[PDB]
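We begin with a single chain expressed as structure tokens, specifically the form deposited in one PDB entry.
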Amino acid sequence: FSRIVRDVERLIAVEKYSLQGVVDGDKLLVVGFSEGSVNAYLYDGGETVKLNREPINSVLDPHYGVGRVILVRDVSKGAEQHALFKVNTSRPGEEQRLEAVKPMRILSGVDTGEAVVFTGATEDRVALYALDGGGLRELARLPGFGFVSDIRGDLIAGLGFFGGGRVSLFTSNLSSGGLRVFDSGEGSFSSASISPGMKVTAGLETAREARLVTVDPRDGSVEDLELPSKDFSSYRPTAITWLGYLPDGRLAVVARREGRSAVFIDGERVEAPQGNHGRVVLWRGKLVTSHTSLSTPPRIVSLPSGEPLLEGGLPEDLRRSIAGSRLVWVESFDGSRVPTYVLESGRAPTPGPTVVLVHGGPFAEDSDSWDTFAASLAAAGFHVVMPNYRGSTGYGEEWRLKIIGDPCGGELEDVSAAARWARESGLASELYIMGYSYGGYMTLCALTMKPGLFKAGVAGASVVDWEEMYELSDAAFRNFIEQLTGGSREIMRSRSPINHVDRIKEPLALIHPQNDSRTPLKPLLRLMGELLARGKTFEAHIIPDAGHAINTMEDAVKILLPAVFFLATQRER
């Protein structure tokens, strides 16, 4: 149990890096979890320089070479009312709060150098904003969650979840605002970057595949974009992770199939370490991306050698605790094949104690990408099954959109199918479920709707009640709940696990940050009252002065430690 603490601490503590851009002339801007919190750094080639003072949540996308960084930081103890802080790169550790922007949920943003352009959610709206030397301007109100993708000249390009789980492309004008929304009937836009010719290149993810298209923002004309090299189209990607024009005009694309990605410059394969990659930057005539895998914490590497620029290293005992990984295709209730990553623990027998670790989102995926939760479970003697239930990204629009209107429906059947597969295939001697956010909702749904499937469940930062949550949500989250539930009152009630507590037969652990503004604490307290009144076994841990986005080691530990303890305790019986 003290060994579990050491394992969880060191898994959280290992340095994790994400590539944000190039700044300060010719230096990497990198967001790193290092020295126990999320900070932003310049990487010159040798020593990193820390840009921020206190922990941050993120940084805005910098235009190449801009001489500043815009930090995004929660100023509300985890409720995700962020403020923006400017740091001049020549003077690291000196912060200027951008006081023209009232705290709000910052969803995204780019800094051109002249203007800081972002989307943000308040109680009454999601909006696209620009802050220049003249002051703050609302460029447009957006229908739902929206994200700035790119800016070139006065053209802004972004992606919008504006209905039915579909992603629209949007543009606006930096100088005079407005909104133009481009919707594909074939699928969803997944990344965007403005070409030198002032067209929007976008990934378009259709039924079971992904391709690149050009959108002219003047008329709504969409063509297929063909590249000089044909490696990209032959790769037959299912998803586009990211794309962007480099300063030399070449289009870089990270695309993926089956939970691993590949890098392309102007269509041509650039070799990269196995796993997943993030944005690709040009830096000192070398391609640089982020790399991660189930065995590799996020790190910065140079392509095509794959040599690390910035990486944290795991202790050898923790590396060994992960025996192997594999993708399997689990047949579900309608014969659909649920792509399921399996992390085999080198610290459990086969069959052995097995956790179905259910991903959040739901528009997210279990890929060959580092997962601290999964790693801590493998360290603690559990195999880990991570099913890409319908709703997941990475496997086509059709699979992703199947969740719409059907929470605690087919996706739960997929999660249950992976569970039964883990037993039937001989992997699991016993079964647990665990999840954070939409994953925690799945824990609650599994224990309420599928009693006896799992031995016990962990529900972290859970959706508990669509109805009460709606009442407490900001404009983005209200809209997203509308989308997920299809605007159906019956769905919001019947698919809320708080309404099926009497069905629970298994021990449940609840973990919840008190200031969560995504999945609020209030319905969780009501759930505890229901568990109590109905004589159900439950454990609960409420984390102080924290919300949904964990950005310190001590909060990461508070969230994960009790989950690992609980399951380890359950394994004694």
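Start at 1 with the first residue shown and count on from there. Throughout, rigid core stands for the largest set of C-alpha atoms superposing within 1.5 Å between the two forms.
The following text describes the form deposited in another entry, which does not appear among the structures shown.
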Task: Core-superposed comparison between the shown form and the other one - Cα displaced by 2 angstroms or more, from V253, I156, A202, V384 - done: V384
Task: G335: Cα shift of 2 Å or greater between the shown form and the other one (core-aligned) - done: yes
Open item on the list: Checking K505 here: with the core superposed, does its CA move 2 Å or more between the shown form and the other one?
Closed with: yes
Task: Large Cα shift (2 Å or above) at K16 between the shown form and the other one, core-fitted - done: no
TODO: Work out whether the Cα atoms of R518 and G158 come closer together or move farther apart in that other deposited form than they are in this form, the change being 3 angstroms or more.
DONE: farther
Task: Comparison of CA distance in that other deposited form with shown form for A323, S302, at least 3 Å - done: closer
